$ cat entry23.txt   # compact mmCIF, C-alpha atoms
# COMPACT_ATOMS: atom_id res chain seq x y z
CA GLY A 1 3.60 14.02 -21.75
CA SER A 2 7.22 15.03 -22.56
CA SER A 3 9.24 15.38 -19.37
CA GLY A 4 13.03 15.08 -19.66
CA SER A 5 14.30 14.53 -16.17
CA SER A 6 15.66 11.51 -14.33
CA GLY A 7 15.40 10.56 -10.65
CA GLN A 8 15.00 7.04 -9.31
CA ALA A 9 14.56 4.96 -6.14
CA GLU A 10 14.02 1.32 -5.03
CA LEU A 11 10.63 0.91 -3.32
CA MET A 12 9.54 -1.71 -0.78
CA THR A 13 7.23 -4.48 -1.86
CA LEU A 14 5.70 -6.15 1.24
CA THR A 15 3.11 -8.97 1.25
CA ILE A 16 -0.26 -9.03 3.09
CA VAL A 17 -3.17 -11.51 3.49
CA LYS A 18 -6.87 -10.68 3.23
CA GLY A 19 -8.44 -12.25 6.31
CA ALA A 20 -12.22 -11.59 5.98
CA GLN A 21 -13.13 -7.94 6.84
CA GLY A 22 -10.77 -6.74 4.04
CA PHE A 23 -7.38 -7.26 5.72
CA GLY A 24 -6.62 -6.54 9.39
CA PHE A 25 -5.57 -2.92 8.86
CA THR A 26 -7.28 0.31 7.77
CA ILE A 27 -6.32 3.11 5.34
CA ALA A 28 -6.57 6.91 5.27
CA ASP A 29 -6.60 9.40 2.42
CA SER A 30 -3.45 11.52 2.83
CA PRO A 31 -2.35 14.47 0.63
CA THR A 32 0.26 12.04 -0.81
CA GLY A 33 -1.89 8.95 -1.64
CA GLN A 34 -3.46 6.38 0.68
CA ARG A 35 -1.67 5.55 3.94
CA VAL A 36 -2.10 2.99 6.64
CA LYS A 37 -4.44 4.43 9.27
CA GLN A 38 -3.95 1.61 11.80
CA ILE A 39 -2.96 -2.09 11.92
CA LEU A 40 -5.59 -4.31 13.56
CA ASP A 41 -3.89 -7.73 12.84
CA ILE A 42 -0.05 -7.91 12.66
CA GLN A 43 0.00 -11.12 10.54
CA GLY A 44 -2.75 -9.48 8.45
CA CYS A 45 0.10 -7.18 7.25
CA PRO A 46 3.56 -8.73 8.06
CA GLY A 47 6.16 -5.91 7.63
CA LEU A 48 3.68 -2.95 7.56
CA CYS A 49 4.79 -0.10 9.92
CA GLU A 50 1.80 2.36 9.80
CA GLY A 51 1.70 5.81 8.12
CA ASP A 52 3.51 4.14 5.12
CA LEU A 53 2.45 5.40 1.67
CA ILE A 54 0.52 3.23 -0.88
CA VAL A 55 2.00 3.37 -4.40
CA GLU A 56 1.22 -0.04 -6.00
CA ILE A 57 -1.22 -2.90 -5.27
CA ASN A 58 -0.47 -6.08 -7.28
CA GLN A 59 1.62 -3.91 -9.67
CA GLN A 60 -1.42 -1.66 -10.42
CA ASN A 61 -0.43 2.07 -10.19
CA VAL A 62 -2.51 3.69 -7.32
CA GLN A 63 -0.60 6.91 -6.20
CA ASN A 64 -2.94 9.26 -8.09
CA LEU A 65 -5.90 6.94 -7.28
CA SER A 66 -8.66 8.27 -5.08
CA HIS A 67 -9.31 6.49 -1.76
CA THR A 68 -12.28 4.70 -3.35
CA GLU A 69 -10.15 3.38 -6.27
CA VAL A 70 -7.61 1.87 -3.78
CA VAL A 71 -10.43 0.39 -1.60
CA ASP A 72 -11.96 -1.13 -4.77
CA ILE A 73 -8.69 -2.83 -5.78
CA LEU A 74 -8.35 -4.24 -2.24
CA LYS A 75 -11.99 -5.48 -2.64
CA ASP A 76 -11.03 -7.23 -5.93
CA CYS A 77 -8.28 -9.02 -3.94
CA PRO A 78 -9.01 -12.68 -2.97
CA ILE A 79 -9.83 -13.48 0.64
CA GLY A 80 -7.28 -15.58 2.58
CA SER A 81 -4.74 -15.27 -0.26
CA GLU A 82 -1.61 -13.19 -0.55
CA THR A 83 -1.66 -9.65 -2.00
CA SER A 84 1.57 -7.77 -2.90
CA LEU A 85 1.73 -4.04 -2.04
CA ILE A 86 4.51 -1.54 -2.82
CA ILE A 87 4.99 1.44 -0.46
CA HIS A 88 7.16 4.58 -0.41
CA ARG A 89 10.47 4.34 1.50
CA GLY A 90 14.24 5.02 1.12
CA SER A 91 15.15 8.58 0.11
CA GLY A 92 18.94 7.90 0.26
CA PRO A 93 21.59 5.60 1.79
CA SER A 94 22.77 6.33 5.34
CA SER A 95 23.54 3.93 8.22
CA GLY A 96 20.90 1.38 7.12
$ encode --input "entry23.txt" --output "structure tokens"
Amino acid sequence: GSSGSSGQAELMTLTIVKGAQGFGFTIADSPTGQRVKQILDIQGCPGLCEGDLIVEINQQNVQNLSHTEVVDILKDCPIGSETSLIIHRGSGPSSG
């Protein structure tokens, strides 16, 4: 790669816990990466707001990852333990 542009943001890490069934929320393949389909356990995903956009799981890069690749990483995750996800938010500053 070469590139030669700049452009930067500050993305939200949130923390989640892997109950038994593979968290208490579901995912969907979107044109933009994986998204939250639906939350099924609020404290299974404290701070998740649905339709948010998966970018990193435990600092692994998963934007360009297929649905399966993201599911697999969430399978690698330990049950009952924390997992740290990073989602897409904050285009620019305004009244927030």
$ residues_around --input "entry23.txt" --residues "region 84-92 of chain A" --least-positions-apart "3" --cutoff "12 Å" --atoms "all atoms listed in the file" --output "VMD selection string"
chain A and resid 7 to 18 32 to 36 45 to 63 70 73 to 74 77 to 78 81 95 to 96
$ atom_distance --input "entry23.txt" --atom1 "CA of residue 75 (chain A)" --atom2 "CA of residue 22 (chain A)"
6.9 Å
$ atom_distance --input "entry23.txt" --atom1 "CA of residue 83 (chain A)" --atom2 "CA of residue 31 (chain A)"
24.3 Å
$ atom_distance --input "entry23.txt" --atom1 "CA of residue 41 (chain A)" --atom2 "CA of residue 64 (chain A)"
27.0 Å
$ residues_around --input "entry23.txt" --residues "residue 26 (chain A)" --least-positions-apart "6" --cutoff "7 Å" --atoms "only C-alpha atoms" --output "number ranges by chain"
A: 36-39
$ closest_residue --input "entry23.txt" --among "A:1, A:80, A:6, A:66" --to "residue 19 (chain A)" --atoms "all atoms listed in the file"
A:80
$ build_atoms --input "entry23.txt" --residues "region 10-41 of chain A" --atoms "N, CA and C atoms" --output "compact mmCIF listing (two decimals), in the coordinates of the input"
# COMPACT_ATOMS: atom_id res chain seq x y z
N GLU A 10 14.21 2.76 -5.12
CA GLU A 10 14.02 1.32 -5.03
C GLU A 10 13.02 1.09 -3.90
N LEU A 11 11.77 0.76 -4.23
CA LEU A 11 10.63 0.91 -3.32
C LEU A 11 10.28 -0.45 -2.71
N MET A 12 9.68 -0.46 -1.52
CA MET A 12 9.54 -1.71 -0.78
C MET A 12 8.24 -2.39 -1.17
N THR A 13 8.35 -3.56 -1.82
CA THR A 13 7.23 -4.48 -1.86
C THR A 13 7.21 -5.20 -0.50
N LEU A 14 6.01 -5.37 0.06
CA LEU A 14 5.70 -6.15 1.24
C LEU A 14 4.50 -7.00 0.84
N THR A 15 4.21 -8.07 1.58
CA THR A 15 3.11 -8.97 1.25
C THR A 15 2.13 -8.98 2.43
N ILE A 16 0.84 -9.09 2.13
CA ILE A 16 -0.26 -9.03 3.09
C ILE A 16 -1.30 -10.09 2.73
N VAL A 17 -2.19 -10.44 3.67
CA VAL A 17 -3.17 -11.51 3.49
C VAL A 17 -4.54 -10.99 3.91
N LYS A 18 -5.57 -11.32 3.12
CA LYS A 18 -6.87 -10.68 3.23
C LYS A 18 -7.84 -11.51 4.05
N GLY A 19 -7.80 -11.34 5.36
CA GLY A 19 -8.44 -12.25 6.31
C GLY A 19 -9.92 -12.52 6.03
N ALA A 20 -10.78 -11.52 6.22
CA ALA A 20 -12.22 -11.59 5.98
C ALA A 20 -12.76 -10.18 5.75
N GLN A 21 -12.65 -9.32 6.77
CA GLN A 21 -13.13 -7.94 6.84
C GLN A 21 -12.44 -6.97 5.86
N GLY A 22 -11.59 -7.49 4.97
CA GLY A 22 -10.77 -6.74 4.04
C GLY A 22 -9.49 -6.34 4.75
N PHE A 23 -8.63 -7.34 4.98
CA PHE A 23 -7.38 -7.26 5.72
C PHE A 23 -7.64 -6.89 7.19
N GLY A 24 -6.58 -6.93 7.99
CA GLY A 24 -6.62 -6.54 9.39
C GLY A 24 -5.83 -5.25 9.55
N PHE A 25 -6.09 -4.26 8.70
CA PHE A 25 -5.57 -2.92 8.86
C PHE A 25 -6.50 -1.99 8.07
N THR A 26 -6.41 -0.70 8.34
CA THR A 26 -7.28 0.31 7.77
C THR A 26 -6.42 1.33 7.03
N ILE A 27 -7.03 2.11 6.14
CA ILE A 27 -6.32 3.11 5.34
C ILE A 27 -6.94 4.49 5.56
N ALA A 28 -6.19 5.52 5.19
CA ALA A 28 -6.57 6.91 5.27
C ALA A 28 -6.13 7.59 3.99
N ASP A 29 -6.97 8.49 3.48
CA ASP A 29 -6.60 9.40 2.42
C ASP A 29 -5.64 10.42 3.03
N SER A 30 -4.43 10.51 2.49
CA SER A 30 -3.45 11.52 2.83
C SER A 30 -3.31 12.45 1.62
N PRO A 31 -2.64 13.60 1.77
CA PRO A 31 -2.35 14.47 0.63
C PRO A 31 -1.41 13.80 -0.38
N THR A 32 -0.80 12.67 -0.04
CA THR A 32 0.26 12.04 -0.81
C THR A 32 -0.15 10.68 -1.40
N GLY A 33 -1.42 10.28 -1.29
CA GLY A 33 -1.89 8.95 -1.64
C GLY A 33 -2.56 8.33 -0.42
N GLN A 34 -2.92 7.05 -0.50
CA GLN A 34 -3.46 6.38 0.68
C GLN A 34 -2.30 6.03 1.61
N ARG A 35 -2.59 6.00 2.91
CA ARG A 35 -1.67 5.55 3.94
C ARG A 35 -2.38 4.56 4.81
N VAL A 36 -1.60 3.82 5.58
CA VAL A 36 -2.10 2.99 6.64
C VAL A 36 -2.59 3.92 7.74
N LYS A 37 -3.86 3.80 8.10
CA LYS A 37 -4.44 4.43 9.27
C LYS A 37 -3.95 3.68 10.50
N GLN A 38 -4.29 2.40 10.63
CA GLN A 38 -3.95 1.61 11.80
C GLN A 38 -3.89 0.14 11.41
N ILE A 39 -2.99 -0.63 12.02
CA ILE A 39 -2.96 -2.09 11.92
C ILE A 39 -3.84 -2.65 13.03
N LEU A 40 -4.64 -3.64 12.68
CA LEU A 40 -5.59 -4.31 13.56
C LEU A 40 -5.27 -5.81 13.67
N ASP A 41 -4.34 -6.34 12.87
CA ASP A 41 -3.89 -7.73 12.84
C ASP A 41 -2.48 -7.72 12.24
